[PDB]
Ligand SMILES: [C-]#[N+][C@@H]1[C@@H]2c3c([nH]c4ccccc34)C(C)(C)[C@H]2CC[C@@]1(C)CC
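Single chain ahead, written as structure tokens, the form solved without the ligand.
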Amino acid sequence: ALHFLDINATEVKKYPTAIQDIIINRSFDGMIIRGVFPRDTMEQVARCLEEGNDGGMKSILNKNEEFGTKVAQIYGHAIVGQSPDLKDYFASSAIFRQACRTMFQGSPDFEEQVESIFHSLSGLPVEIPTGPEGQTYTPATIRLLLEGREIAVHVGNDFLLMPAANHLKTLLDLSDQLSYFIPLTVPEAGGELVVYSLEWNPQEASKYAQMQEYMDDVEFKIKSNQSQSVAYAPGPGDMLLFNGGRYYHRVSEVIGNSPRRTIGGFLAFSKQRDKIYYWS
């Protein structure tokens, strides 16, 4: 059984060990934090993307057409699936940070507001990681799901098995990463985050040839309702923060003409749990 807290952003300082409780204690699995950003700010940013006065965000839009017409588009490169050098990732990350700061117009600033939230929920400093040669990681990416598009089932801790994670693994604790995201725009129907009770299990995955054959068996448990699940659909400006590192999750197919737009990434403890890093 998955357990998600629901509070308004005004209350976050009353939960100073929430991130510790999700990752280490595992007394619960996620939170909906209502109104981290005002509705007007979300609309403003959405309009920037739609009109094109987006601080150069459209210059780093990846349509992902090579992976079919059934997948999310993404502004900025997400680190998952990148080459170990991260050269393209770092280039797009710098642009993403610029454009994001421009669009939010400090009302409130995206990075400041998100860092404020994570700080309140942990009592710890919060930082965007720096690359081997001083490059900035991106704090977030924006995912765009048009009508009929979805995000296939996956689990966050698989990132640790990817070459792209080489550098981050020198900075992060061994524990679970969390996912965080905030809708900019929400669809008419569908586009729900579905989290399953099925957990990350590298011992079972290692007893297969490739990940496609293992994921087929994971898919069979999901399609047969063997695993318990909960669906979430946070509103614009609400943050959804959960143990995506541990639990398999997906975003259901978008229904209607109105696209689902979400800004977010991941977070995890530093080696000594004296700091939180966040990135996408």
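For every residue, the number given is its place in the sequence shown, counted from 1.
The discussion below concerns the form deposited with the ligand bound, not included here.
Remark: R101 does not count among the residues lining the ligand in the entry with it bound, judged by a heavy atom distance of 4.5 Å or less.
Interface residue remark: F220 is not counted as part of the site for the ligand in the entry with it bound, having no heavy atom within 4.5 Å.
Residue contact check for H154: one or more of its heavy atoms lie within 4.5 Å of the ligand in the entry with it bound. Among heavy atoms of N64, some come within 4.5 Å of the ligand in the entry with it bound. The partner is not drawn, yet in the entry with it bound one stretch among 46-54, 220-228, 22-30, 66-74 has residues with heavy atoms inside 4.5 Å of the ligand: 66-74. Contact with the ligand in the entry with it bound, defined as a heavy atom within 4.5 Å, holds for exactly one of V186, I95, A78, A165, namely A78.
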